[PDB]
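Coordinates as given in final15.txt (compact mmCIF, C-alpha atoms and all ligand atoms):
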# COMPACT_ATOMS: atom_id res chain seq x y z
CA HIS J 1 60.28 -30.68 -88.03
CA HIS J 2 58.99 -31.45 -84.44
CA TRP J 3 55.83 -33.33 -83.56
CA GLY J 4 52.33 -31.89 -83.69
CA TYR J 5 48.86 -32.46 -85.09
CA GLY J 6 49.32 -31.43 -88.79
CA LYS J 7 49.34 -33.67 -91.98
CA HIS J 8 53.10 -33.68 -91.92
CA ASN J 9 53.87 -34.11 -88.18
CA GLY J 10 50.69 -35.68 -86.74
CA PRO J 11 50.03 -38.90 -84.76
CA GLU J 12 50.78 -41.22 -87.80
CA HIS J 13 54.37 -39.77 -87.87
CA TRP J 14 55.20 -39.90 -84.13
CA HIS J 15 56.56 -43.50 -84.23
CA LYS J 16 59.62 -42.35 -86.16
CA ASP J 17 60.97 -40.23 -83.27
CA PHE J 18 59.12 -42.15 -80.51
CA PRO J 19 58.97 -45.87 -81.42
CA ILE J 20 56.98 -46.62 -78.18
CA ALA J 21 54.07 -45.12 -80.22
CA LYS J 22 53.55 -48.73 -81.43
CA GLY J 23 53.93 -50.17 -77.88
CA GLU J 24 51.80 -52.56 -75.82
CA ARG J 25 50.09 -50.03 -73.54
CA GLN J 26 49.36 -46.91 -75.64
CA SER J 27 46.61 -44.39 -75.02
CA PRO J 28 43.95 -43.35 -75.74
CA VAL J 29 41.70 -46.34 -76.40
CA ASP J 30 38.10 -46.98 -77.33
CA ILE J 31 36.07 -48.01 -74.28
CA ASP J 32 33.74 -50.82 -75.35
CA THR J 33 31.04 -50.52 -72.66
CA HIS J 34 29.84 -54.09 -73.31
CA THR J 35 33.37 -55.62 -72.84
CA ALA J 36 34.46 -53.57 -69.76
CA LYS J 37 33.91 -55.67 -66.63
CA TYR J 38 32.57 -54.33 -63.32
CA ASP J 39 35.32 -54.96 -60.74
CA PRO J 40 33.65 -55.01 -57.28
CA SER J 41 37.15 -54.82 -55.63
CA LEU J 42 38.02 -51.28 -56.97
CA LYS J 43 38.07 -48.93 -53.96
CA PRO J 44 36.00 -45.77 -53.77
CA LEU J 45 37.87 -42.90 -55.75
CA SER J 46 39.02 -39.97 -53.55
CA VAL J 47 39.45 -36.59 -55.30
CA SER J 48 40.83 -34.21 -52.61
CA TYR J 49 41.13 -30.78 -54.25
CA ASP J 50 40.05 -28.43 -51.36
CA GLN J 51 43.71 -27.22 -50.77
CA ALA J 52 44.61 -26.98 -54.49
CA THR J 53 46.89 -24.03 -55.31
CA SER J 54 46.78 -23.06 -59.06
CA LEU J 55 49.72 -20.87 -60.17
CA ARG J 56 49.84 -20.23 -63.92
CA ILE J 57 48.30 -20.98 -67.29
CA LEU J 58 50.64 -21.72 -70.24
CA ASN J 59 50.14 -22.17 -73.99
CA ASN J 60 52.72 -24.86 -74.72
CA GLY J 61 52.07 -25.01 -78.48
CA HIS J 62 50.04 -28.28 -78.15
CA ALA J 63 47.35 -27.32 -75.58
CA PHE J 64 47.19 -25.02 -72.56
CA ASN J 65 48.13 -26.22 -69.09
CA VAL J 66 46.80 -24.89 -65.78
CA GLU J 67 49.68 -25.58 -63.43
CA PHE J 68 49.47 -26.23 -59.69
CA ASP J 69 51.88 -26.11 -56.71
CA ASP J 70 52.78 -29.83 -56.23
CA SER J 71 55.76 -29.16 -53.83
CA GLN J 72 53.45 -30.49 -50.95
CA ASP J 73 50.36 -32.83 -50.62
CA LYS J 74 47.69 -30.23 -51.44
CA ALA J 75 45.43 -31.49 -54.25
CA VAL J 76 45.60 -35.31 -54.39
CA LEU J 77 43.95 -38.29 -56.04
CA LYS J 78 43.75 -41.59 -54.12
CA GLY J 79 41.63 -44.75 -54.05
CA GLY J 80 40.02 -46.38 -57.03
CA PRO J 81 42.61 -48.55 -58.74
CA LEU J 82 45.45 -46.54 -57.13
CA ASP J 83 47.95 -47.54 -54.47
CA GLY J 84 49.29 -44.50 -52.57
CA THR J 85 48.99 -40.79 -53.15
CA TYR J 86 49.02 -38.96 -56.47
CA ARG J 87 49.60 -35.16 -56.51
CA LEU J 88 47.85 -32.86 -59.04
CA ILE J 89 50.47 -31.10 -61.17
CA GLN J 90 48.39 -29.67 -64.06
CA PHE J 91 45.28 -30.00 -66.15
CA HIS J 92 44.70 -29.44 -69.84
CA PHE J 93 42.24 -30.29 -72.58
CA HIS J 94 42.15 -31.83 -76.08
CA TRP J 95 39.45 -30.57 -78.46
CA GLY J 96 38.20 -30.55 -82.01
CA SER J 97 37.49 -28.18 -84.87
CA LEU J 98 33.82 -29.32 -84.80
CA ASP J 99 31.61 -30.57 -81.93
CA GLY J 100 31.62 -34.17 -83.31
CA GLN J 101 35.35 -34.71 -82.63
CA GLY J 102 38.02 -33.75 -80.08
CA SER J 103 38.13 -36.38 -77.35
CA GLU J 104 41.00 -38.85 -77.16
CA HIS J 105 39.21 -41.67 -75.50
CA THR J 106 35.98 -42.81 -77.19
CA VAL J 107 33.00 -44.68 -75.75
CA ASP J 108 31.58 -47.30 -78.10
CA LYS J 109 33.38 -45.33 -80.85
CA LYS J 110 31.60 -42.08 -79.82
CA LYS J 111 33.86 -39.02 -79.92
CA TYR J 112 33.07 -36.16 -77.52
CA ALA J 113 33.75 -32.46 -78.30
CA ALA J 114 36.70 -32.35 -75.92
CA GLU J 115 38.46 -34.17 -73.08
CA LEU J 116 39.90 -32.80 -69.84
CA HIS J 117 43.01 -34.43 -68.37
CA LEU J 118 43.89 -33.85 -64.72
CA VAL J 119 47.45 -35.10 -64.40
CA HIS J 120 48.78 -36.50 -61.13
CA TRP J 121 52.06 -38.13 -60.11
CA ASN J 122 52.84 -40.83 -57.52
CA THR J 123 54.56 -39.23 -54.54
CA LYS J 124 56.58 -42.47 -53.84
CA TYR J 125 58.82 -41.43 -56.81
CA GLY J 126 59.67 -37.99 -55.35
CA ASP J 127 59.32 -35.86 -58.57
CA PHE J 128 57.32 -35.96 -61.80
CA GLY J 129 60.37 -36.69 -63.98
CA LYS J 130 61.14 -39.84 -61.94
CA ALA J 131 57.44 -40.81 -61.93
CA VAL J 132 57.14 -40.87 -65.75
CA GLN J 133 59.83 -43.60 -65.82
CA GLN J 134 57.63 -45.99 -63.77
CA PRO J 135 54.66 -48.15 -64.86
CA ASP J 136 52.61 -46.76 -61.95
CA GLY J 137 54.01 -43.22 -62.01
CA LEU J 138 51.05 -41.15 -63.15
CA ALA J 139 47.28 -41.14 -62.75
CA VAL J 140 45.31 -39.12 -65.26
CA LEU J 141 41.66 -38.37 -64.60
CA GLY J 142 39.89 -37.98 -67.96
CA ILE J 143 36.57 -36.16 -68.22
CA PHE J 144 34.56 -35.86 -71.45
CA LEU J 145 33.05 -32.55 -72.58
CA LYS J 146 29.84 -32.29 -74.59
CA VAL J 147 28.38 -29.08 -75.98
CA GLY J 148 25.16 -27.87 -74.39
CA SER J 149 24.72 -25.71 -71.24
CA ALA J 150 27.72 -23.61 -70.07
CA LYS J 151 30.00 -24.95 -67.32
CA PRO J 152 30.22 -22.05 -64.81
CA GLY J 153 33.47 -23.39 -63.32
CA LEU J 154 35.17 -23.30 -66.74
CA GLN J 155 34.47 -19.58 -67.46
CA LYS J 156 37.57 -18.27 -65.56
CA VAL J 157 39.68 -20.48 -67.85
CA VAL J 158 37.82 -19.37 -71.04
CA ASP J 159 38.25 -15.68 -70.05
CA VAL J 160 42.09 -15.77 -69.75
CA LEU J 161 42.70 -17.58 -73.10
CA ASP J 162 42.93 -14.24 -75.04
CA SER J 163 46.07 -13.46 -72.93
CA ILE J 164 47.82 -16.73 -73.91
CA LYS J 165 46.89 -16.91 -77.57
CA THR J 166 50.25 -18.07 -78.89
CA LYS J 167 52.87 -20.67 -78.02
CA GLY J 168 55.07 -19.76 -75.06
CA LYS J 169 52.69 -17.20 -73.55
CA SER J 170 51.71 -17.63 -69.91
CA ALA J 171 49.60 -15.75 -67.40
CA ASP J 172 49.16 -15.71 -63.63
CA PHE J 173 46.26 -18.10 -62.76
CA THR J 174 45.94 -18.21 -58.99
CA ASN J 175 42.95 -19.27 -56.89
CA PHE J 176 41.30 -21.49 -59.54
CA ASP J 177 39.26 -24.37 -58.05
CA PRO J 178 39.35 -27.51 -60.21
CA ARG J 179 36.39 -28.99 -58.27
CA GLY J 180 34.25 -26.81 -60.56
CA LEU J 181 35.26 -28.95 -63.58
CA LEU J 182 33.96 -32.31 -62.17
CA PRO J 183 30.65 -34.00 -62.99
CA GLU J 184 28.26 -35.11 -60.25
CA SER J 185 29.20 -38.86 -60.47
CA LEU J 186 32.72 -40.29 -60.02
CA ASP J 187 31.77 -43.59 -61.76
CA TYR J 188 34.77 -44.52 -63.99
CA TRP J 189 36.59 -46.91 -66.27
CA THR J 190 40.23 -47.66 -65.62
CA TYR J 191 43.09 -49.30 -67.61
CA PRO J 192 46.91 -49.10 -67.82
CA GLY J 193 48.18 -46.85 -70.62
CA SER J 194 50.41 -44.02 -71.67
CA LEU J 195 50.89 -40.34 -72.22
CA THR J 196 48.81 -39.43 -75.29
CA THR J 197 51.50 -37.09 -76.69
CA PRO J 198 55.23 -37.60 -77.21
CA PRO J 199 57.16 -38.93 -75.41
CA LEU J 200 54.23 -41.45 -75.16
CA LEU J 201 55.68 -43.00 -71.98
CA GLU J 202 53.81 -46.08 -70.64
CA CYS J 203 53.48 -44.69 -67.13
CA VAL J 204 49.73 -43.86 -66.67
CA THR J 205 46.87 -45.38 -64.77
CA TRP J 206 43.94 -43.97 -66.73
CA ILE J 207 40.72 -43.17 -64.84
CA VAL J 208 38.03 -42.03 -67.30
CA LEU J 209 34.80 -40.73 -65.84
CA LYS J 210 31.57 -42.04 -67.35
CA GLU J 211 29.59 -38.84 -66.92
CA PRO J 212 30.55 -36.02 -69.26
CA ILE J 213 30.45 -32.34 -68.30
CA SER J 214 28.45 -29.89 -70.41
CA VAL J 215 30.14 -26.74 -71.82
CA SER J 216 28.58 -24.11 -74.07
CA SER J 217 29.25 -23.57 -77.77
CA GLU J 218 30.72 -20.15 -76.81
CA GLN J 219 33.13 -21.76 -74.31
CA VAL J 220 34.55 -24.31 -76.81
CA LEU J 221 34.69 -21.60 -79.57
CA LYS J 222 37.18 -19.74 -77.33
CA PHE J 223 39.35 -22.86 -77.12
CA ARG J 224 39.40 -22.93 -80.95
CA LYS J 225 40.72 -19.32 -81.14
CA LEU J 226 44.01 -20.36 -79.52
CA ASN J 227 47.08 -20.71 -81.76
CA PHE J 228 49.63 -23.50 -82.16
CA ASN J 229 52.09 -20.85 -83.55
CA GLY J 230 54.19 -18.37 -81.68
CA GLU J 231 53.60 -14.60 -81.71
CA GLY J 232 54.42 -12.92 -85.04
CA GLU J 233 54.15 -16.26 -86.97
CA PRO J 234 51.40 -17.22 -89.49
CA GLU J 235 48.23 -18.18 -87.65
CA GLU J 236 47.48 -21.90 -87.17
CA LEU J 237 44.42 -22.34 -85.04
CA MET J 238 44.85 -24.74 -82.09
CA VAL J 239 42.18 -27.32 -83.04
CA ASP J 240 42.13 -31.12 -83.34
CA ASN J 241 44.93 -31.58 -80.81
CA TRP J 242 43.82 -35.17 -80.05
CA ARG J 243 45.43 -38.59 -80.72
CA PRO J 244 43.07 -41.24 -82.09
CA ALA J 245 42.31 -44.51 -80.27
CA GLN J 246 45.17 -47.05 -80.17
CA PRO J 247 45.08 -50.84 -80.08
CA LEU J 248 43.94 -52.30 -76.75
CA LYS J 249 46.28 -55.30 -77.06
CA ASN J 250 46.54 -57.41 -73.87
CA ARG J 251 44.54 -55.03 -71.65
CA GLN J 252 41.28 -55.14 -69.81
CA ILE J 253 39.24 -52.04 -69.09
CA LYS J 254 37.54 -52.26 -65.69
CA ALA J 255 34.34 -50.45 -64.61
CA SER J 256 33.79 -49.12 -61.09
CA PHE J 257 30.00 -49.44 -61.56
CA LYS J 258 27.43 -52.23 -62.19
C1 LIG T 1 57.07 -30.93 -71.17
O1 LIG T 1 55.69 -31.47 -71.33
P1 LIG T 1 54.89 -32.20 -70.18
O2 LIG T 1 53.59 -31.65 -69.89
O3 LIG T 1 55.73 -32.22 -68.83
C2 LIG T 1 55.82 -31.13 -67.81
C3 LIG T 1 54.78 -33.91 -70.82
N1 LIG T 1 53.78 -34.57 -70.02
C4 LIG T 1 52.51 -34.92 -70.52
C5 LIG T 1 51.58 -34.97 -69.53
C6 LIG T 1 50.33 -35.49 -69.74
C7 LIG T 1 50.00 -35.96 -71.00
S1 LIG T 1 48.40 -36.64 -71.27
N2 LIG T 1 47.70 -35.96 -72.59
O4 LIG T 1 47.60 -36.28 -70.08
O5 LIG T 1 48.58 -38.04 -71.48
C8 LIG T 1 50.91 -35.90 -72.02
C9 LIG T 1 52.17 -35.38 -71.78
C10 LIG T 1 56.13 -34.59 -70.79
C11 LIG T 1 57.10 -34.19 -71.68
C12 LIG T 1 58.41 -34.64 -71.59
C13 LIG T 1 58.78 -35.53 -70.59
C14 LIG T 1 60.21 -35.99 -70.45
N3 LIG T 1 60.61 -36.83 -71.55
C15 LIG T 1 61.10 -38.10 -71.29
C16 LIG T 1 61.34 -38.95 -72.36
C17 LIG T 1 61.91 -40.19 -72.15
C18 LIG T 1 62.24 -40.57 -70.87
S2 LIG T 1 62.76 -42.23 -70.58
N4 LIG T 1 64.36 -42.23 -70.55
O6 LIG T 1 62.32 -43.00 -71.72
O7 LIG T 1 62.29 -42.58 -69.28
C19 LIG T 1 62.01 -39.74 -69.78
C20 LIG T 1 61.44 -38.50 -70.00
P2 LIG T 1 61.47 -34.73 -70.12
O8 LIG T 1 61.22 -33.37 -70.69
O9 LIG T 1 61.47 -34.80 -68.57
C21 LIG T 1 60.24 -34.58 -67.84
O10 LIG T 1 62.82 -35.38 -70.60
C22 LIG T 1 63.34 -35.12 -71.94
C23 LIG T 1 57.81 -35.94 -69.71
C24 LIG T 1 56.51 -35.48 -69.81
ZN ZN T 2 46.12 -34.93 -72.33
Mind converting the file's structure to structure tokens?
Ligand SMILES: COP(=O)(OC)[C@H](Nc1ccc(S(N)(=O)=O)cc1)c1ccc([C@@H](Nc2ccc(S(N)(=O)=O)cc2)P(=O)(OC)OC)cc1
Ligand SMILES: [Zn+2]
Amino acid sequence: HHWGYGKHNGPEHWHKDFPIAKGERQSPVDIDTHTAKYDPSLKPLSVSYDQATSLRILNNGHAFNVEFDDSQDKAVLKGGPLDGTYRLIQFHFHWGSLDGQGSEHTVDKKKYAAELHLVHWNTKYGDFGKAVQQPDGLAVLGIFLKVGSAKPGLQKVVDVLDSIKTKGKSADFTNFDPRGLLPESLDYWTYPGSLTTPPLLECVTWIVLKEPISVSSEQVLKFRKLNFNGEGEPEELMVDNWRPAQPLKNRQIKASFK
């Protein structure tokens, strides 16, 4: 009886095995655009992905992760609200069963079809496992997806999903450029929060981009053909793998833009 996104093991249950679920800095949150304050002192965000080295794509039973070589400063995130250098380790998505749901963060209570999380860790802590134990250990860049025109840079991802249908399957995924997943603007909101799945550690500086990317209906349909189950088990489609918005508590969301 492990955690997931079903009636019996979903977000409302997680607090029993992970009491930090009811903590002071949980994610995601609703972004109230009229309460978020422009902070003129936020530095300009630096996304340096030209030397990124993708390795593999994995169905972990919750989402699929595109994993990178993070054993050197290749693909890094700096600037914005960040102090120091954060290395890209993986990206994944959260998505819905229908186009009106699937994001984790919300904007004035609007839910997007999906949300992309590019996960980075602070190199001052030496490895990712040490970093998740620190309040400033991780930086996750969140990008909303809406359904409309195709995103060309997503197609290579879409096309390998058939090979990783079930939990525990992986495939070689070299030479993928995550720059192709960004929107034109790097305008963002930032706040201190958490992992959005167990173990729900309060270790993340969230950076959520204002501008969504557009994907096609056909692209998100292929996400929804993935399985939460393992091979040879009854089929449970991998849909609605998102945590709803959590209380903001004693936090301020800052805007990089006027
Ligand atoms: C394995 O999943 P993951 O992607 O990490 C590669 C996930 N990571 C993950 C990444 C991103 C996101 S999201 N959706 O972008 O927020 C969610 C989960 C995550 C899972 C588990 C942990 C650790 N869990 C953990 C629990 C408590 C503590 S403690 N003593 O309280 O400090 C320490 C470690 P670990 O497996 O060691 C890394 O140790 C049991 C760590 C990470
Ligand atoms: Zn995530």
Check the smallest atom-to-atom distance from each of J:214, J:59, J:26, J:250 to residue 182 (chain J) using all atoms listed in the file, then report the winner. J:214
Can you measure CA of residue 9 (chain J) to CA of residue 241 (chain J) for me? One decimal in Å is fine. 11.9 Å
Per-residue nearest contacts chain J to ligand LIG 1 (chain T), cut-off 7 Å, using all atoms listed in the file, as a tab-separated table:
residue	atom	partner	partner_atom	distance
J:117	CA	T:LIG1	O4	5.2
J:118	CA	T:LIG1	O4	7.0
J:119	CA	T:LIG1	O4	5.8
J:128	CA	T:LIG1	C21	6.8
J:129	CA	T:LIG1	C21	4.4
J:132	CA	T:LIG1	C23	6.4
J:133	CA	T:LIG1	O7	4.4
J:140	CA	T:LIG1	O4	6.0
J:194	CA	T:LIG1	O5	6.3
J:195	CA	T:LIG1	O5	3.3
J:196	CA	T:LIG1	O5	4.1
J:197	CA	T:LIG1	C8	4.9
J:198	CA	T:LIG1	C9	6.6
J:199	CA	T:LIG1	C16	5.2
J:201	CA	T:LIG1	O6	6.6
Please, what is the axis-aligned box for every listed atom of region 250-257 of chain J with 6 Å on each side, as centre and edge lengths in Å to one decimal, as AutoDock Vina command-line options?
--center_x 38.3 --center_y -53.3 --center_z -67.5 --size_x 28.5 --size_y 20.3 --size_z 24.8
Surrounding residues of residue 124 (chain J) excluding itself and chain neighbours under 5 positions, 9 Å, all atoms listed in the file, as a VMD selection string: chain J and resid 84 to 86 131 137
